[PDB]
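To start, the structure under review is shown below, and the notes come after it.
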There are 2 protein chains.
Amino acid sequence: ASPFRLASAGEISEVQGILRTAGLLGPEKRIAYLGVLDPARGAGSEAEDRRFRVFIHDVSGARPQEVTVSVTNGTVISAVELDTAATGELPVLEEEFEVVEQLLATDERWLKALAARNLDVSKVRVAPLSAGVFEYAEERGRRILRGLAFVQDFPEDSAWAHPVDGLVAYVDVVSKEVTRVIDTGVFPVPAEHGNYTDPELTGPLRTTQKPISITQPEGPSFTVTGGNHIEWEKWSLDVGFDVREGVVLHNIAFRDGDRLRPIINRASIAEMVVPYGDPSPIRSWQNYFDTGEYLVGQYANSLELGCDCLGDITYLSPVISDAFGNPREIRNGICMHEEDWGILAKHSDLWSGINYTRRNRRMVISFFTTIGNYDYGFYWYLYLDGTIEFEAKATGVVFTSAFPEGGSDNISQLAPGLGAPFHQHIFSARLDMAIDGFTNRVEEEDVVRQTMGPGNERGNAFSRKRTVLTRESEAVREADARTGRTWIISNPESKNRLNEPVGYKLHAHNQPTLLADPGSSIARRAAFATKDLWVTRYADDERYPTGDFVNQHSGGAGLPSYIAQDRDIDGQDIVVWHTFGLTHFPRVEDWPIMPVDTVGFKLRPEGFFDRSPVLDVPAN
Amino acid sequence: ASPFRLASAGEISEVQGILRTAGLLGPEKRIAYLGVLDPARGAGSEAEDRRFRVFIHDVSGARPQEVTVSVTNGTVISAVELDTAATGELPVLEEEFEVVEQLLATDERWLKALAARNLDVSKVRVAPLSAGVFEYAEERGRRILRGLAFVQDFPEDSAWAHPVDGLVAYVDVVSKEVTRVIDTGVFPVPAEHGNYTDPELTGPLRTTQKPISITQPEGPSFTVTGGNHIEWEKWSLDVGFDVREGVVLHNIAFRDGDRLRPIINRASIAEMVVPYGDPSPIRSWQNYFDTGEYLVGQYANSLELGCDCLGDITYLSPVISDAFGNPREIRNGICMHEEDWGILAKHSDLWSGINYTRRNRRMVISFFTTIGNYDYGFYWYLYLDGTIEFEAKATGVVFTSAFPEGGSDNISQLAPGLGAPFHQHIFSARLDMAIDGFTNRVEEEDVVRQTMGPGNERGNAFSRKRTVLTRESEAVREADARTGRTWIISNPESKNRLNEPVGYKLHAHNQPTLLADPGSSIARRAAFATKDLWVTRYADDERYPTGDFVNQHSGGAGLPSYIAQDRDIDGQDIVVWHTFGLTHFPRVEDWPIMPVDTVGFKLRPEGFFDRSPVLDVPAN
Ligand SMILES: [Cu+2]
Ligand SMILES: [Cu+2]
Ligand code: NA
Ligand code: NA
Ligand SMILES: [Xe]
Ligand SMILES: [Xe]
Ligand SMILES: [Xe]
Ligand SMILES: [Xe]
Ligand SMILES: [Xe]
Ligand SMILES: [Xe]
Ligand SMILES: [Xe]
Ligand SMILES: [Xe]
Ligand SMILES: [Xe]
Ligand SMILES: [Xe]
Ligand SMILES: [Xe]
Ligand SMILES: [Xe]
Ligand SMILES: [Xe]
Ligand SMILES: [Xe]
């Protein structure tokens, strides 16, 4: 009954049937994206209309379509032909991944390059990589992937150990033609294997780890109703899943006494980009928008119990469309569990004689995805004390190259002859705020140092200042760790018992933002990544910081275009877009498989409550 | 047999006996500090000499002494009379805490102040607070505490809810005289109670939290031998305890194949300061050096199982001296346990067909202390992957004041009429480094942006730079979060298999440092707190960033004096001192008892190992 419920297999089959009936899904058509649309603002009192958005590709070369379907009513709402040279190519199809290697295997230029390096074509894997937009005019309006080669010595070998540097190829995956093969010269293909399950490399496995058993004999403290509505320790929300964004949180609210108080209307990772910092022409075009180009949700892992998620786990198994419109379940794709989180509050008071200790917990909602060599975990946390946090966990196998004789300013050495190009992993969290409702504003808060003098004779005073961001033109902000800069989202019409507007404070990690030159292609396509915080006025069609079609799409869409409207954001329905990322100079310890590294952000209540919200937590 | 073993009750009793026999511990003498000294550099092949350092106070007004005793040989090594006006007062004695209230209760000025506010003297608690060094010339050479008043309505009432603003008193705790009583005017004493165990305030306790059971059916994976030597998942160290610093880690090393490789020789929190930012004369002198003035180890809590430390816990019960030299055990004062830490490494490879997941764990060594209203947890973590981390957890009850009519730039409102002055909690971690041995150096590493142009035509390149800190004069460094600044400690004579010096990288949180005006008393006494990183050449007498005697001691000692020596630190025995802290603008959610907030730092291996050190971790 909830309009925020997960898409069911039946709904996807029905979208398929509606499209077929309407003449929009014949044998040459493929679904490159399909997702449920969120309900419009208002229309809660109105009857429900489940609508799905679909991007339809055509393998015969005809123009793709953007389509909206009402599965409730069995109708096509809208259908429009896309001009991809203008608005962008559709996301990469899973079926196109294999096409790069297959086509290159019978290309005379590719074969000549491999023969020069004494490499057997049957052993050469080709990573199918997004192309971006550079100086190649013939690529405009065409679906291109670029291929980098890695040798696989045998079926179970890790090809990443054996990059073939000095070689790159470009392929049109629709017309099935190799457009270009660039060979800048032979590099030695690194010879050491990177097989992290081979006993020769691991040595004898440790026998020293005794078991840790985490159980809940009475079950978990959270409830799941309507498939995806969670209630836990005063929190409530709906766990959505989208093939592009992955896990999406809807209607995050907190029950304070009798009142259900909204905090965040929608929380998602709306984009992530991995720009590479190696100026070699073999990789200088390399920027993976895993969300926008590849769709991270579609590659979500099935998570095994006791391995990926430990404890008393409740799973969701979201359904997505395959390329033909048939439903496909991602079995155990979302993990949900609560875990202990150390001490919540503690005081031993001399005067009263009262000793007091309470323990903390957090609700965890997560998924893990695999994009080629990369594996990312996306974790949302809700804490007893009102804190909301996101954490990304990056692991997998690092993307490799040759390590140049005489070293490199842009590549790390991992093993003899084996390099790892420098890169970043940068995320954009889109937080459609609803602090006590939709009438919100954002202030930038800095610490203020004070000069010793009149009114401050001992030179000890310090303070802070808040600046309201009143319009979108002044709401593109950078970090300032030195001055403890944070951003507070408040509701100017909702006051706490001390007559102060209720609010939440966003605490960033203040990691470096996009490092590329501001005149680069990537600085334009990932403009969002150049600044730490953006605030926009809510609009239903402003979904991603990079726009709807990122693949082979220049600047022109996304956040810079949204804020040009210069809309009022002082006590309005607003959206915060926070950029945060890891800058990775790979270390030898990252090879042959990388230990997890993390980045994230959190929001803490700031006069939202009238006192601590965890006074009613019981002892022990 | 280990020279790093915890002090035993017998050793402390023996120090007492040696001092007594030597004529240094008569009836008027009190021990203000006692701790074991670490073994000297070298002397490992030599027979052991357990030496203790003692600060002896005299209640009759005679000059205190600094004494070194050999408990092994039953001798006094050295004994010197201290001139406290020059070198500093001894740490506050626990017995002096109560003296402030007791003396004030019969003082006519104090009684007049309380009568003006209609407060019953029997209900007025006085916080005994360190005095610092300000403009009062008669305090020089005298042991002074300052008192701030809080009303306790009944025995179990939280006095912190009822601050008596506009009033402060100064007391000589040796001569037992009230030197000054300052009354700047009456403020309303806030009336609401802050009793967080009163059902009227908590409401009905939650019944929604189902149990979480964490057990280890085969016991823990770590071993404890010789009382305090820990071995866990290739790590080894000795867990010390000092009454000043609290838990100290010695000989942190990692067993890589057959070789035990040192990483850190000694790790401690060598100081912590809590400066207040309220310019009111009632509190503008307020700066608590909890480590240096109060001795945090001495107030370590006894930690209850299932409440303070959850899981399979192994406790240490460190012994300290009381004021007369008798041993006193802090029962269950140190917690040791291992815990699961999510995914360690994960990759699902298309080409090889191999799916791989490993789980992480960390060893946790912790204690919790209480200083008046404040409670701090100190946590050290060792991870499977070689990462070392420290985390401080701050909780307790916030220090309160009146909230001024018409607001304040330096105080937050918590409840009607109730204020919380702005302040910081700033820590100094002293890391006596031993990366593969004692020959170490530090480099500052910054990200380097590159300009689009020749050699970087697409404007994607980025790099980094390292600057060796060669001498102490150039080793006082600040954070730069924007450029991803870190510091690498390496051994220039120990190379990994890729011919690069082995190293560890320190990752700071880049929180603001000391905010006080540089000309203030606190900026001089806590000079260490004004900069993020210091590197010194190791010396046995350079123990604390504030020197040996912090109480009522001006600038002149500590880190600024150490680095003036301008010693070679490029491939030498060096010590890193990292400043890190929380800047606290109290929120309503902090009242009436504050949810934990955290700050810390970590160090990660940086080409220390020849490949990932966790390839031998078993599945599941
Ligand atoms: Cu990376
Ligand atoms: Cu604080
Ligand atoms: Na909003
Ligand atoms: Na050292
Ligand atoms: Xe079109
Ligand atoms: Xe929840
Ligand atoms: Xe879907
Ligand atoms: Xe579909
Ligand atoms: Xe791949
Ligand atoms: Xe969550
Ligand atoms: Xe990450
Ligand atoms: Xe003296
Ligand atoms: Xe350990
Ligand atoms: Xe001790
Ligand atoms: Xe003693
Ligand atoms: Xe106290
Ligand atoms: Xe530890
Ligand atoms: Xe803290």
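Here, A, B, ... name the chains of the structure tokens in the order displayed, residue numbers run from 1 inside each chain, and ligands are numbered from 1 in the same displayed order.
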
Quick one: residues within 9 Å of residue 329 (chain B), only C-alpha atoms counted, chain neighbours fewer than 6 positions away excluded, as a PDB file with C-alpha atoms, in the first residue's frame?
ATOM      1  CA  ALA B   9      51.603  -3.740  44.714  1.00  0.00           C
ATOM      2  CA  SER B 317      43.933  -4.079  37.133  1.00  0.00           C
ATOM      3  CA  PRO B 318      46.782  -1.579  37.353  1.00  0.00           C
ATOM      4  CA  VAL B 319      48.206  -0.584  40.732  1.00  0.00           C
ATOM      5  CA  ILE B 320      48.950   3.006  41.734  1.00  0.00           C
ATOM      6  CA  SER B 321      50.192   4.716  44.902  1.00  0.00           C
TER       7      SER B 321
END

Residue 426 (chain A) surroundings by only C-alpha atoms, 9 Å radius, close-in-sequence under 2 positions cut, as a PyMOL selection string: chain A and resi 271-275+424+428+513-514+529+579-583

Could the residues that lie within 10 Å of ligand 15, counting only C-alpha atoms and all ligand atoms, be listed as a PDB file with N, CA, C and O atoms, in the first residue's frame?
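As written to disk, selection17.pdb reads:
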ATOM      1  N   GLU B  11      56.058  -3.687  44.490  1.00  0.00           N
ATOM      2  CA  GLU B  11      57.008  -2.656  44.069  1.00  0.00           C
ATOM      3  C   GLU B  11      56.683  -1.297  44.678  1.00  0.00           C
ATOM      4  O   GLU B  11      57.586  -0.567  45.075  1.00  0.00           O
ATOM      5  N   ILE B  12      55.400  -0.956  44.745  1.00  0.00           N
ATOM      6  CA  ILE B  12      54.977   0.336  45.285  1.00  0.00           C
ATOM      7  C   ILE B  12      55.233   0.380  46.792  1.00  0.00           C
ATOM      8  O   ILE B  12      55.779   1.350  47.302  1.00  0.00           O
ATOM      9  N   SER B  13      54.858  -0.686  47.497  1.00  0.00           N
ATOM     10  CA  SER B  13      55.174  -0.830  48.911  1.00  0.00           C
ATOM     11  C   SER B  13      56.678  -0.731  49.148  1.00  0.00           C
ATOM     12  O   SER B  13      57.108  -0.161  50.137  1.00  0.00           O
ATOM     13  N   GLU B  14      57.475  -1.271  48.229  1.00  0.00           N
ATOM     14  CA  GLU B  14      58.925  -1.237  48.379  1.00  0.00           C
ATOM     15  C   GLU B  14      59.496   0.165  48.171  1.00  0.00           C
ATOM     16  O   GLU B  14      60.403   0.565  48.894  1.00  0.00           O
ATOM     17  N   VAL B  15      58.948   0.914  47.213  1.00  0.00           N
ATOM     18  CA  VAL B  15      59.326   2.313  47.003  1.00  0.00           C
ATOM     19  C   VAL B  15      59.035   3.084  48.281  1.00  0.00           C
ATOM     20  O   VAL B  15      59.860   3.864  48.740  1.00  0.00           O
ATOM     21  N   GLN B  16      57.855   2.846  48.851  1.00  0.00           N
ATOM     22  CA  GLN B  16      57.452   3.448  50.114  1.00  0.00           C
ATOM     23  C   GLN B  16      58.477   3.173  51.204  1.00  0.00           C
ATOM     24  O   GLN B  16      58.860   4.078  51.934  1.00  0.00           O
ATOM     25  N   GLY B  17      58.919   1.922  51.291  1.00  0.00           N
ATOM     26  CA  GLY B  17      59.860   1.488  52.303  1.00  0.00           C
ATOM     27  C   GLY B  17      61.241   2.081  52.113  1.00  0.00           C
ATOM     28  O   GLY B  17      61.894   2.434  53.082  1.00  0.00           O
ATOM     29  N   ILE B  18      61.671   2.198  50.862  1.00  0.00           N
ATOM     30  CA  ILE B  18      62.960   2.792  50.525  1.00  0.00           C
ATOM     31  C   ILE B  18      62.962   4.285  50.861  1.00  0.00           C
ATOM     32  O   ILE B  18      63.934   4.804  51.408  1.00  0.00           O
ATOM     33  N   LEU B  19      61.873   4.971  50.524  1.00  0.00           N
ATOM     34  CA  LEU B  19      61.744   6.398  50.812  1.00  0.00           C
ATOM     35  C   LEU B  19      61.715   6.630  52.315  1.00  0.00           C
ATOM     36  O   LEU B  19      62.345   7.557  52.813  1.00  0.00           O
ATOM     37  N   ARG B  20      60.995   5.775  53.037  1.00  0.00           N
ATOM     38  CA  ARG B  20      60.890   5.891  54.486  1.00  0.00           C
ATOM     39  C   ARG B  20      62.254   5.731  55.126  1.00  0.00           C
ATOM     40  O   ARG B  20      62.650   6.533  55.971  1.00  0.00           O
ATOM     41  N   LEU B  25      60.059  10.242  53.497  1.00  0.00           N
ATOM     42  CA  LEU B  25      58.613  10.010  53.569  1.00  0.00           C
ATOM     43  C   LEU B  25      58.088   9.939  55.008  1.00  0.00           C
ATOM     44  O   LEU B  25      57.445   8.969  55.416  1.00  0.00           O
ATOM     45  N   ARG B  30      53.509  13.593  51.281  1.00  0.00           N
ATOM     46  CA  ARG B  30      52.475  12.971  50.459  1.00  0.00           C
ATOM     47  C   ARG B  30      53.010  12.731  49.054  1.00  0.00           C
ATOM     48  O   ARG B  30      53.707  13.575  48.505  1.00  0.00           O
ATOM     49  N   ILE B  31      52.675  11.592  48.465  1.00  0.00           N
ATOM     50  CA  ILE B  31      53.053  11.311  47.085  1.00  0.00           C
ATOM     51  C   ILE B  31      52.016  11.901  46.132  1.00  0.00           C
ATOM     52  O   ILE B  31      50.865  11.467  46.110  1.00  0.00           O
ATOM     53  N   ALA B  32      52.432  12.911  45.368  1.00  0.00           N
ATOM     54  CA  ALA B  32      51.588  13.559  44.364  1.00  0.00           C
ATOM     55  C   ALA B  32      51.676  12.872  43.001  1.00  0.00           C
ATOM     56  O   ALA B  32      50.771  13.011  42.176  1.00  0.00           O
ATOM     57  N   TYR B  33      52.776  12.162  42.765  1.00  0.00           N
ATOM     58  CA  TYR B  33      52.955  11.369  41.551  1.00  0.00           C
ATOM     59  C   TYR B  33      53.945  10.238  41.829  1.00  0.00           C
ATOM     60  O   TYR B  33      54.933  10.431  42.520  1.00  0.00           O
ATOM     61  N   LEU B  34      53.654   9.061  41.291  1.00  0.00           N
ATOM     62  CA  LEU B  34      54.578   7.936  41.320  1.00  0.00           C
ATOM     63  C   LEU B  34      54.357   7.108  40.066  1.00  0.00           C
ATOM     64  O   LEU B  34      53.226   6.756  39.741  1.00  0.00           O
ATOM     65  N   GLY B  35      55.438   6.802  39.360  1.00  0.00           N
ATOM     66  CA  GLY B  35      55.358   5.970  38.176  1.00  0.00           C
ATOM     67  C   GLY B  35      56.668   5.271  37.892  1.00  0.00           C
ATOM     68  O   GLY B  35      57.731   5.735  38.286  1.00  0.00           O
ATOM     69  N   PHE B  52      61.669   3.985  39.783  1.00  0.00           N
ATOM     70  CA  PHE B  52      60.427   4.721  39.933  1.00  0.00           C
ATOM     71  C   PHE B  52      60.721   6.194  40.160  1.00  0.00           C
ATOM     72  O   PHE B  52      61.681   6.555  40.831  1.00  0.00           O
ATOM     73  N   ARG B  53      59.883   7.037  39.575  1.00  0.00           N
ATOM     74  CA  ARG B  53      59.960   8.472  39.737  1.00  0.00           C
ATOM     75  C   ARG B  53      58.834   8.921  40.653  1.00  0.00           C
ATOM     76  O   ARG B  53      57.695   8.503  40.489  1.00  0.00           O
ATOM     77  N   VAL B  54      59.162   9.776  41.611  1.00  0.00           N
ATOM     78  CA  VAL B  54      58.222  10.187  42.643  1.00  0.00           C
ATOM     79  C   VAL B  54      58.278  11.703  42.836  1.00  0.00           C
ATOM     80  O   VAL B  54      59.358  12.284  42.904  1.00  0.00           O
ATOM     81  N   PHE B  55      57.108  12.335  42.903  1.00  0.00           N
ATOM     82  CA  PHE B  55      56.982  13.731  43.299  1.00  0.00           C
ATOM     83  C   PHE B  55      56.418  13.729  44.721  1.00  0.00           C
ATOM     84  O   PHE B  55      55.321  13.225  44.940  1.00  0.00           O
ATOM     85  N   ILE B  56      57.157  14.283  45.681  1.00  0.00           N
ATOM     86  CA  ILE B  56      56.739  14.270  47.085  1.00  0.00           C
ATOM     87  C   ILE B  56      56.367  15.669  47.560  1.00  0.00           C
ATOM     88  O   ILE B  56      57.197  16.574  47.554  1.00  0.00           O
ATOM     89  N   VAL B  69      63.997   6.379  42.567  1.00  0.00           N
ATOM     90  CA  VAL B  69      64.312   5.227  43.407  1.00  0.00           C
ATOM     91  C   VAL B  69      64.558   3.997  42.532  1.00  0.00           C
ATOM     92  O   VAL B  69      63.855   3.784  41.554  1.00  0.00           O
ATOM     93  N   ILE B 320      48.378   1.680  41.548  1.00  0.00           N
ATOM     94  CA  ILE B 320      48.950   3.006  41.734  1.00  0.00           C
ATOM     95  C   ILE B 320      49.204   3.258  43.219  1.00  0.00           C
ATOM     96  O   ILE B 320      48.730   2.513  44.076  1.00  0.00           O
ATOM     97  N   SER B 321      49.963   4.302  43.520  1.00  0.00           N
ATOM     98  CA  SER B 321      50.192   4.716  44.902  1.00  0.00           C
ATOM     99  C   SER B 321      49.098   5.661  45.349  1.00  0.00           C
ATOM    100  O   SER B 321      48.665   6.518  44.581  1.00  0.00           O
ATOM    101  N   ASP B 322      48.655   5.509  46.594  1.00  0.00           N
ATOM    102  CA  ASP B 322      47.842   6.538  47.236  1.00  0.00           C
ATOM    103  C   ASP B 322      48.775   7.645  47.746  1.00  0.00           C
ATOM    104  O   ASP B 322      49.987   7.617  47.482  1.00  0.00           O
ATOM    105  N   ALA B 323      48.216   8.620  48.455  1.00  0.00           N
ATOM    106  CA  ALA B 323      48.973   9.789  48.901  1.00  0.00           C
ATOM    107  C   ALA B 323      50.074   9.466  49.906  1.00  0.00           C
ATOM    108  O   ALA B 323      50.973  10.274  50.111  1.00  0.00           O
ATOM    109  N   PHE B 324      50.003   8.296  50.541  1.00  0.00           N
ATOM    110  CA  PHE B 324      50.964   7.905  51.568  1.00  0.00           C
ATOM    111  C   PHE B 324      51.965   6.844  51.114  1.00  0.00           C
ATOM    112  O   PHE B 324      52.855   6.466  51.881  1.00  0.00           O
ATOM    113  N   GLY B 325      51.822   6.374  49.877  1.00  0.00           N
ATOM    114  CA  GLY B 325      52.715   5.366  49.326  1.00  0.00           C
ATOM    115  C   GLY B 325      52.219   3.937  49.412  1.00  0.00           C
ATOM    116  O   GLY B 325      52.970   3.016  49.100  1.00  0.00           O
ATOM    117  N   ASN B 326      50.971   3.746  49.843  1.00  0.00           N
ATOM    118  CA  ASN B 326      50.369   2.414  49.869  1.00  0.00           C
ATOM    119  C   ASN B 326      49.801   2.085  48.493  1.00  0.00           C
ATOM    120  O   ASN B 326      49.230   2.957  47.825  1.00  0.00           O
ATOM    121  N   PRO B 327      49.960   0.844  48.044  1.00  0.00           N
ATOM    122  CA  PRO B 327      49.394   0.443  46.754  1.00  0.00           C
ATOM    123  C   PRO B 327      47.865   0.407  46.796  1.00  0.00           C
ATOM    124  O   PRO B 327      47.268   0.052  47.812  1.00  0.00           O
TER     125      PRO B 327
END

For chain B against ligand 9, with a cut-off of 12 Å and counting only C-alpha atoms and all ligand atoms, what is the closest atom pair and its distance in Å to one decimal for every residue that makes the cut, ordered by chain and number, as a Markdown table?
| residue | atom | partner | partner_atom_place_in_ligand_line | distance |
| --- | --- | --- | --- | --- |
| B:347 | CA | ligand 9 | 1 (Xe) | 11.9 |
| B:348 | CA | ligand 9 | 1 (Xe) | 10.3 |
| B:349 | CA | ligand 9 | 1 (Xe) | 7.7 |
| B:350 | CA | ligand 9 | 1 (Xe) | 6.2 |
| B:351 | CA | ligand 9 | 1 (Xe) | 6.9 |
| B:352 | CA | ligand 9 | 1 (Xe) | 10.2 |
| B:353 | CA | ligand 9 | 1 (Xe) | 11.2 |

Ligand 1: which residues are within 9 Å, counting only C-alpha atoms and all ligand atoms, as a list in words? residues 274, 374, 394, 395, 397, 398, 399, 422, 423, 424, 425, 582, 583, 584, 585, 586, 594 and 597 of chain A

Which polymer residues have any atom within 6 Å of an atom of region 115-126 of chain B, counting only C-alpha atoms, with same-chain residues fewer than 5 positions away left out, as a VMD selection string? chain B and resid 101 147 to 152

Taking only C-alpha atoms and all ligand atoms into account, which residues are within 6 Å of ligand 5, as a VMD selection string? chain A and resid 81 to 83

Protein and nucleic residues near ligand 13, 9 Å, only C-alpha atoms and all ligand atoms, as a ChimeraX atom specification: /B:222-223,229-239,252-254,363-365,381-382

Taking C-alpha atoms for each residue, export the selection above as a JSON list (two decimals), in the first residue's frame.
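Saved result, out-v6.json, follows:
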[["chain", "number", "residue", "atom", "x", "y", "z"],
["B", 222, "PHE", "CA", 45.01, -12.74, 21.70],
["B", 223, "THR", "CA", 47.34, -14.06, 24.43],
["B", 229, "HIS", "CA", 52.49, -8.57, 26.99],
["B", 230, "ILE", "CA", 49.89, -8.97, 24.25],
["B", 231, "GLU", "CA", 50.17, -10.96, 21.05],
["B", 232, "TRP", "CA", 47.38, -10.83, 18.49],
["B", 233, "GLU", "CA", 47.30, -11.46, 14.73],
["B", 234, "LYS", "CA", 51.01, -10.74, 14.16],
["B", 235, "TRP", "CA", 51.03, -7.73, 16.50],
["B", 236, "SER", "CA", 52.87, -7.61, 19.78],
["B", 237, "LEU", "CA", 53.17, -4.94, 22.45],
["B", 238, "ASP", "CA", 53.22, -4.31, 26.19],
["B", 239, "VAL", "CA", 50.35, -2.48, 27.88],
["B", 252, "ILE", "CA", 54.42, -1.99, 19.15],
["B", 253, "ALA", "CA", 55.75, -4.43, 16.55],
["B", 254, "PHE", "CA", 54.44, -6.68, 13.76],
["B", 363, "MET", "CA", 42.33, -5.36, 18.93],
["B", 364, "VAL", "CA", 40.99, -2.79, 21.41],
["B", 365, "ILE", "CA", 42.80, -1.60, 24.53],
["B", 381, "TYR", "CA", 43.10, -0.03, 18.07],
["B", 382, "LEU", "CA", 45.31, -2.39, 16.07]]

Expressed in Å to a single decimal, how great is the separation between CA of residue 308 (chain B) and CA of residue 358 (chain A)?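 These two atoms are separated by 8.1 Å.
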